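Only one chain is included here, represented as C-alpha cells and corresponding to the form deposited in one PDB entry.
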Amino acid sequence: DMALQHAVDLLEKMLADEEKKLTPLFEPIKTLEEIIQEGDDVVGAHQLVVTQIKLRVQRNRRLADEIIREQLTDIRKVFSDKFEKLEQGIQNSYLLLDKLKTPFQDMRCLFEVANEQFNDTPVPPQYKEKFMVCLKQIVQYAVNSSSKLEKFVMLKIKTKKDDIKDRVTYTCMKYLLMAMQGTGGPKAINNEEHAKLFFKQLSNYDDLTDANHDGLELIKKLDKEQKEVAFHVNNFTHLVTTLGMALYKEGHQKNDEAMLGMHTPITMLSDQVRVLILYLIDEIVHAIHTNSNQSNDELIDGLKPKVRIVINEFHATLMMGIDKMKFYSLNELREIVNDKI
C-alpha cells in the first residue's frame, strides 16, 4: 500500500490524541465602559466585576480551544500534502531504481557490450570467424556464470528502496513532532493566575473600592489577551507551513539521496563488465596466434576458469563497496587472473 503509512498513521493518532485533550438550563459580556456605568454603587460595581472576570476567563479558555482546533486542522492539511508529495517521490524512485537494474537483468548488458566491442576489434579476416565463435560462447558462458553478480545488484537495489522508506518516514515523524510540541500553548496562564490570586485575597481588602480597581485592571488585561488572539494563530500558521516546507525539502532529498547513492556501484560494475569483455577478446585473440594447435572448443573450455575468477573477483570487490570508485585496466585483470588459477 502506502510507503509512508506509518507517518500518516502517527499523524492521525497524534491529532486524535490532542483533539480530546481539548474539552443551558437557565437564563453576556459587558464592555469595560458598560461595566463602569452600571457600576454606580461600589457594591454593585463589585458584584459586576467579579462575574465579568470569571466570565472572561471562561471565554478566554474556550477561545484557547478554538485556536488549537484550528491548529490541529491546519496541521493535518499541511502535513498531509507534504506526506502525499513525499510519497510520489518515493514511489517514483522505486521505479527509477528498478529501471536502473535492467542492464544487469540476466546480465544481458554483456551481450550488448560484447556486440559493440566485437565490431571495433580488428582481427585478420581469415581468423575472424573462429574469433566470433569463441567470443559468443565465452561471453555466453560469462552470462551463465554471472548470477552472483546479478543478485548483488538486485539486493543493493532492494536495500536502497528500503533505505528510502525508512529515512523518509523518520524525517516525516521528526517534523511532525516539531509541529506537535508547538501546538496549543503553555499550561500556566498569567491572567488566570492573576484572577486566581485576586479571588484568593478578595477578603483582605478592607476597602471595596480597592478591589474594584484591581478587578477592573484584571478585566482590561483579559481583554487585551483576547484581541491578541489573531496574532497568536497566524504566528503559528506560519510556523507550521515552514515546518512543512522544511519537511518536504529534507524528505524530498533524503529520497534523491539514495538515488545519488546508487551511482558508483552501477557505474563501477558496468565498467567492470566492459573490461571483462576487453579481457576475453584479448585472451581469445592471443590464443588464436600463440596456439594454432587447439580446436576452438578447447579454447572456450580453457577460458572458463579465467572467467569464473574475474566474476568472482568483481563480486568480491563490490562486497567491500569501497566508497571510492575502483577501475580495472585490462592488465590488472590479466595479472589478477594469472595468480589465482
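Think of the rigid core as the biggest set of C-alphas that the two forms share within 1.5 Å after superposition. One-based numbering along the sequence shown.
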Counting only residues that lack coordinates, how big is the gap in the deposited sequence between residue 23 and residue 24? Pick none, 1 to 3, 4 to 9 or 10 or more.
4 to 9
Residue 27-residue 28 interval: deposited residues absent from the model:
4 to 9
Given the B-factors recorded for C-alpha atoms, which segment has the greater mean, 88 to 96 or 135 to 143?
135 to 143
Comparing 223 to 231 with 181 to 189, the one whose average Cα B-factor in the PDB entry is higher:
223 to 231
Residue, from 52, 60, 272, 37, that the PDB entry assigns the highest Cα B-factor
37
Hey, out of 110, 246, 260, 211, whose CA B-factor is highest in the deposited coordinates?
260
Chain-relative C-alpha B factor for residue 207 (record values, thirds): the lowest
Within this chain, which third does the Cα B-factor at residue 198 fall in: lowest, middle or highest?
lowest
What third of its chain's C-alpha B-factors does residue 289 belong to: lowest, middle or highest?
highest
What third of the chain does residue 81 rank in for C-alpha temperature factor, lowest, middle or highest?
lowest
Residue 32's Cα B-factor: lowest, middle or highest third of the chain?
highest
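We do not show the form deposited in another entry, though everything after this point is about it.
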Sole member of 163, 106, 74, 271 with a C-alpha shift of at least 2 Å between this form and the one not shown (core-superposed):
74
Any chance the CA of residue 11 moves 2 angstroms or more between this form and the one not shown, core superposed?
yes
Using the core for the fit, does the CA position of residue 128 change by 2 Å or more between this form and the one not shown?
no
Do you see a C-alpha shift of 2 Å or more at residue 46 between this form and the one not shown, with the core held fixed?
yes
